[PDB]
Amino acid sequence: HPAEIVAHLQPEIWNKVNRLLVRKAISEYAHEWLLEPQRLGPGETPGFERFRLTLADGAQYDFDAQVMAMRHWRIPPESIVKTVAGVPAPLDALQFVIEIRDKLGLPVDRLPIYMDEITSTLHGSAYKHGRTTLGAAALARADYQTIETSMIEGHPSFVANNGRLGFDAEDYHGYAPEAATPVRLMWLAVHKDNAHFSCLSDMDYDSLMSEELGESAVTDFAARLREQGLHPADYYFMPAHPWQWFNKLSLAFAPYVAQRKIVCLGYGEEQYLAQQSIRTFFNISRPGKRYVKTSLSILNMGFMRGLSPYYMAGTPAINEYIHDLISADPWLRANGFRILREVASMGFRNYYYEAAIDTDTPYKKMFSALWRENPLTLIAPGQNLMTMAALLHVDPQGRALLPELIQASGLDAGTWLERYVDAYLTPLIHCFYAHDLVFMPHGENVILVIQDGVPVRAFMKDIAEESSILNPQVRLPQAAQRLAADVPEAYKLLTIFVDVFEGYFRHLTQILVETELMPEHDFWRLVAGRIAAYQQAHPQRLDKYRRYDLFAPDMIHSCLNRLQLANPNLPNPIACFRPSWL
């Protein structure tokens, strides 16, 4: 029945998730100064103030808030009360966006798209809150992929973060990460005139295919090419997201299909689960196998999710460089921090789009793939992996995962958080100061290695797209040259201030305070302490600690929601712990 496809859309659960998204919208938009709530007096929850939002058409939102560090608006969702001209009304996230549309500054051309992203985020939220779920306590001790597929929030700062625009109602149940439906990849023969292969210096295409597909499947694919009168030597075998084949490649790449530059070989035998990034897949049929990342022409969280052939060309070289650098560094060796290498890549160039468009465009990015190192092969017996996003997880009953994980560990909050900070933040600090090396260290890019509830180290993924060496003097292999970047002095610490402090820790301390684990100031003292101890241990780079000052009175900050909608100072929470040598 066509109705079953949205059976998760029911009035009561819809109201629940709209209330939660209005809370996030009020909090994040206020943080970015899109909203300026008016203080009414003490709030209806102890330690909170009562705030009001008055809109020009008679809508009024009253709520409780605590303004924490970095202008962070901590709001209890049940405290929010909407009245339209004095009459109480249900919280409606889409109405809220419309009511503040003058303040948002969306182009009238882009507003309906933003609205659809909000609606789709809500529909997913309804599905996620209504599905069979593990509670916080069980999830804290679950296996890697169970944790991965059980995440609810998405990116903690972006309001319209889970749109997946392009997935129809049936696509959702087959391909959305939270649906946890096994997926088989589509395999295609691609002509070498269009497809470019790259890999690590000690790998080749044959060895990759031998590990990934196996000789039997490879043999069959080649024999199927010969059978239809083609030369296997003229082709590589390349995986695609099945949605991408049906929706994009079969149609938009029709001339290549017709000319047999692309030949559809059908579904692989092995099954995968879509990861939180949607277009990346973990193999659930066999152990030790690489993730497969694919081009997927859906709009999610600011971007179409294709994969660039130009980027693919240098991806393995960039990863090899960074891996070697990390492996040769004795501080990093002792810490355990490391990357998951994008070991091989395939880019299919569409010369029609390339001839037509000189500029950067998603149209060039519809058909690429890469293979990423499996982290389970890197850890000790008994250890387990969890997406760092899990530390922010709150289950549909309102129970936080973090205190459960800390309880399970047997350690005090302080000791646990010190271990976490030295596993996650300190290596980022070291990579910055010692190597000018920066990543994108948000919850979906960081995998924590957990030992009896305790983070013992961290893995970073999403390397070649996001990483930079901030020193044009670095000597790189030609293929890896785009890694080198040069950023103004004022913005060098962007990845720590914006991506770690504002993008992740800001949300973490709300959880810490709500669950009574730790006051925000204690957390920031601890963070400052780890930074200062690192700097003390490596005094020879004082020039850099002074020039790029983590203890500056004000921090770099970004307005992520403003940036998405488009296409003052923020005091630094560790400034008061500034060490003497600065």
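All residue numbers refer to positions in the sequence shown, first residue = 1.
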According to the PDB record, deposited residues with no modelled atoms between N567 and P568 number 10 or more
Ranked by mean Cα B-factor in the entry, 102-110 and 294-302, top stretch is 102-110
Higher of the two mean Cα B-factors (78-86, 251-259; per PDB record) comes from 78-86
Top Cα B-factor in this entry, restricted to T146, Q478, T387, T280, sits on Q478
In this crystal structure's PDB entry, the residue among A317, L213, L391, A240 with the greatest CA B factor is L213
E178: CA temperature factor from the record, placed by chain third, in the lowest
Tertile call for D412 (CA temperature factor, within chain, third-based) is the highest
Temperature factor at the Cα of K461, chain-ranked in thirds, falls in the middle
For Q271, the third of its chain by CA B-factor is the middle
Binned into thirds over the chain's modelled residues, the C-alpha B-factor of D204 lands in the highest
